[PDB]
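Heads up, the chain below is alone and in the form deposited without its partner chain; it's given as structure tokens.
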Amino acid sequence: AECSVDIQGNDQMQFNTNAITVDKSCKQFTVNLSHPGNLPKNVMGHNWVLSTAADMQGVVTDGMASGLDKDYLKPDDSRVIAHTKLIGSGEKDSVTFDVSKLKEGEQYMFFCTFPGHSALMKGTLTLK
């Protein structure tokens, strides 16, 4: 889809994709996140967070420590290229970012920073 992707996080701690392609032609890229199921944000909250593969662990650790009210993200974290809000079932949130913030030769990971979820809820994002 021309410069966007729609992604779901379910009540079983799964995103419905593990690989996102971003066409070099896109000026901006948008992620539209939703949450099928019935579980509340405090129990099964999902976000979509983007960093380099190298930065992922530091982002997830500091995010766990940040707490629910900060959407499990360290405020002003320089390693986070883009992120949605944390959402519960029935909710939706989108993020758009400048594709110029990605370069070739660099590995990107997307993931959710809700406590313990990133073991399951992660994937690659590839400039193509």
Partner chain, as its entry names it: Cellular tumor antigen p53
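Numbering follows the first chain given and starts at 1.
Averaged over CA atoms, B-factors in the entry run higher in 75 to 83 than in the other of 75 to 83 and 45 to 53. When the C-alpha B-factors of 56 to 64 and 36 to 44 are averaged, 36 to 44 comes out higher. Ranked within its chain, residue 121 lands in the lowest third, by CA B factor from the PDB record. For residue 21, the recorded CA B-factor ranks within the highest third of the chain. Only modelled residues enter the ranking. Annotation for residue 107: CA B-factor lies in the highest third of the chain's modelled residues.
The protein also exists as the form solved in complex with its partner chain; that form is not presented, and the subsequent description refers to it.
Its partner chain in the deposited complex is not approached by residue 100, whose heavy atoms all lie more than 4.5 angstroms from it. Its partner chain in the deposited complex is approached by residue 44, whose closest heavy atom lies within 4.5 angstroms of it.
Taking non-hydrogen atoms only, residue 82 never approaches its partner chain to within 4.5 angstroms in the deposited complex. Contact check for residue 48: no non-hydrogen atom falls within 4.5 Å of its partner chain in the deposited complex. Of the residues in 43 to 65, those that come within 4.5 Å of its partner chain in the deposited complex through at least one heavy atom are, in sequence order, 43, 44, 57, 61, 62, 64, 65.
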